[PDB]
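Accompanying notes for the structure given below.
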Amino acid sequence: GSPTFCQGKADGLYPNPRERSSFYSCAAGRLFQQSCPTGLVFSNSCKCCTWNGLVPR
């Protein structure tokens with residue numbers, strides 16, 4: 001059948017299965033797969049991507 005991955009889903013970002021810093025994004029039930037390239041990391045708590053503020057060095 002047709003893919004149901006974003007069907008009925010609310011908007012916002014969802015976690016990716018393989019790459020280091022890409023995400024899934026849902027907009028009006030349509031799926032986008034995009035990257036967060038520079039300093040940006042995905043946060044599962046906000047369904048958003050944000051700049052990393054923690055330096056462990």
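We label chains A, B, ... in the order they appear in the structure tokens, count residues from 1 in each chain, and number ligands from 1 in the order shown.
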Residues near region 35-38 of chain A, anyone? I mean within 12 Å using only C-alpha atoms, not counting same-chain ones fewer than 5 positions away, as a ChimeraX atom specification.
/A:13-16,18-25,43,48-52
Every residue of chain A that DSSP places in strand (DSSP E), as number ranges by chain:
A: 12-15, 22-27, 30-35, 40-43, 48-51
Restricted to N, CA, C and O atoms, what would the selected residues look like written as an mmCIF file, in the first residue's frame?
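For reference, selection_30.cif as written:
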data_model
loop_
_atom_site.group_PDB
_atom_site.id
_atom_site.type_symbol
_atom_site.label_atom_id
_atom_site.label_comp_id
_atom_site.auth_asym_id
_atom_site.auth_seq_id
_atom_site.Cartn_x
_atom_site.Cartn_y
_atom_site.Cartn_z
ATOM 1 N N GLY A 12 6.146 18.393 13.387
ATOM 2 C CA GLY A 12 7.316 18.339 14.243
ATOM 3 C C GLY A 12 8.328 17.358 13.703
ATOM 4 O O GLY A 12 8.128 16.777 12.633
ATOM 5 N N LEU A 13 9.444 17.195 14.412
ATOM 6 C CA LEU A 13 10.524 16.311 13.969
ATOM 7 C C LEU A 13 10.504 14.968 14.693
ATOM 8 O O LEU A 13 10.126 14.880 15.861
ATOM 9 N N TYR A 14 10.954 13.925 14.008
ATOM 10 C CA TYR A 14 10.990 12.568 14.543
ATOM 11 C C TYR A 14 12.391 11.960 14.323
ATOM 12 O O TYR A 14 13.090 12.358 13.388
ATOM 13 N N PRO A 15 12.820 11.022 15.197
ATOM 14 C CA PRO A 15 14.204 10.522 15.072
ATOM 15 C C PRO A 15 14.474 9.671 13.841
ATOM 16 O O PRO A 15 13.618 8.937 13.366
ATOM 17 N N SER A 22 20.550 13.537 10.946
ATOM 18 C CA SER A 22 19.411 13.852 10.072
ATOM 19 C C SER A 22 18.155 13.603 10.887
ATOM 20 O O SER A 22 18.220 13.090 11.993
ATOM 21 N N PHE A 23 17.009 13.988 10.362
ATOM 22 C CA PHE A 23 15.741 13.772 11.045
ATOM 23 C C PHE A 23 14.647 13.540 10.028
ATOM 24 O O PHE A 23 14.822 13.772 8.831
ATOM 25 N N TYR A 24 13.488 13.184 10.547
ATOM 26 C CA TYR A 24 12.273 13.133 9.747
ATOM 27 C C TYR A 24 11.496 14.348 10.197
ATOM 28 O O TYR A 24 11.595 14.737 11.354
ATOM 29 N N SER A 25 10.726 14.935 9.304
ATOM 30 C CA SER A 25 9.900 16.082 9.628
ATOM 31 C C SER A 25 8.544 15.799 9.022
ATOM 32 O O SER A 25 8.465 15.237 7.927
ATOM 33 N N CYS A 26 7.477 16.137 9.731
ATOM 34 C CA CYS A 26 6.130 15.921 9.224
ATOM 35 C C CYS A 26 5.460 17.269 9.052
ATOM 36 O O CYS A 26 5.491 18.093 9.957
ATOM 37 N N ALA A 27 4.886 17.506 7.882
ATOM 38 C CA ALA A 27 4.197 18.764 7.596
ATOM 39 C C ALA A 27 2.928 18.434 6.823
ATOM 40 O O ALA A 27 3.001 17.899 5.723
ATOM 41 N N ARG A 30 2.622 15.084 5.242
ATOM 42 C CA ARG A 30 3.629 14.777 4.228
ATOM 43 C C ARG A 30 4.955 14.611 4.937
ATOM 44 O O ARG A 30 5.189 15.255 5.953
ATOM 45 N N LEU A 31 5.801 13.746 4.402
ATOM 46 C CA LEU A 31 7.080 13.444 5.029
ATOM 47 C C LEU A 31 8.220 14.181 4.353
ATOM 48 O O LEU A 31 8.372 14.135 3.145
ATOM 49 N N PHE A 32 9.058 14.791 5.169
ATOM 50 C CA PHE A 32 10.317 15.367 4.712
ATOM 51 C C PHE A 32 11.429 14.650 5.473
ATOM 52 O O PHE A 32 11.255 14.312 6.638
ATOM 53 N N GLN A 33 12.543 14.398 4.807
ATOM 54 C CA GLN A 33 13.724 13.832 5.452
ATOM 55 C C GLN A 33 14.840 14.839 5.189
ATOM 56 O O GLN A 33 15.146 15.140 4.029
ATOM 57 N N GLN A 34 15.360 15.447 6.242
ATOM 58 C CA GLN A 34 16.306 16.567 6.099
ATOM 59 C C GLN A 34 17.415 16.437 7.136
ATOM 60 O O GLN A 34 17.344 15.581 8.011
ATOM 61 N N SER A 35 18.450 17.270 7.021
ATOM 62 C CA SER A 35 19.599 17.209 7.927
ATOM 63 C C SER A 35 19.694 18.413 8.872
ATOM 64 O O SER A 35 19.248 19.507 8.550
ATOM 65 N N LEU A 40 24.043 21.470 15.312
ATOM 66 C CA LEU A 40 22.655 21.157 15.614
ATOM 67 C C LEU A 40 22.478 19.658 15.881
ATOM 68 O O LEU A 40 22.994 18.822 15.141
ATOM 69 N N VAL A 41 21.714 19.330 16.914
ATOM 70 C CA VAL A 41 21.404 17.944 17.252
ATOM 71 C C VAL A 41 19.896 17.823 17.472
ATOM 72 O O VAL A 41 19.236 18.788 17.881
ATOM 73 N N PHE A 42 19.343 16.657 17.177
ATOM 74 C CA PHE A 42 17.922 16.425 17.372
ATOM 75 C C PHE A 42 17.648 16.110 18.845
ATOM 76 O O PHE A 42 18.384 15.354 19.476
ATOM 77 N N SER A 43 16.575 16.663 19.379
ATOM 78 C CA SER A 43 16.167 16.392 20.747
ATOM 79 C C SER A 43 14.777 15.762 20.765
ATOM 80 O O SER A 43 13.770 16.385 20.402
ATOM 81 N N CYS A 48 12.192 18.669 18.165
ATOM 82 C CA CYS A 48 12.822 19.817 17.528
ATOM 83 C C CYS A 48 14.327 19.579 17.459
ATOM 84 O O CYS A 48 14.844 18.654 18.097
ATOM 85 N N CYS A 49 15.017 20.385 16.673
ATOM 86 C CA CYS A 49 16.461 20.279 16.541
ATOM 87 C C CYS A 49 17.017 21.569 17.139
ATOM 88 O O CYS A 49 16.434 22.628 16.942
ATOM 89 N N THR A 50 18.080 21.473 17.919
ATOM 90 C CA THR A 50 18.617 22.625 18.645
ATOM 91 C C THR A 50 20.134 22.581 18.628
ATOM 92 O O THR A 50 20.735 21.536 18.404
ATOM 93 N N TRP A 51 20.759 23.719 18.874
ATOM 94 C CA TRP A 51 22.214 23.779 18.936
ATOM 95 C C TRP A 51 22.653 23.143 20.242
ATOM 96 O O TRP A 51 22.031 23.350 21.280
#
Please provide as a count of residues only all residues within 8 Å of residue 7 (chain A), with the sequence filter that same-chain residues fewer than 3 positions apart are discarded (counting only C-alpha atoms).
4
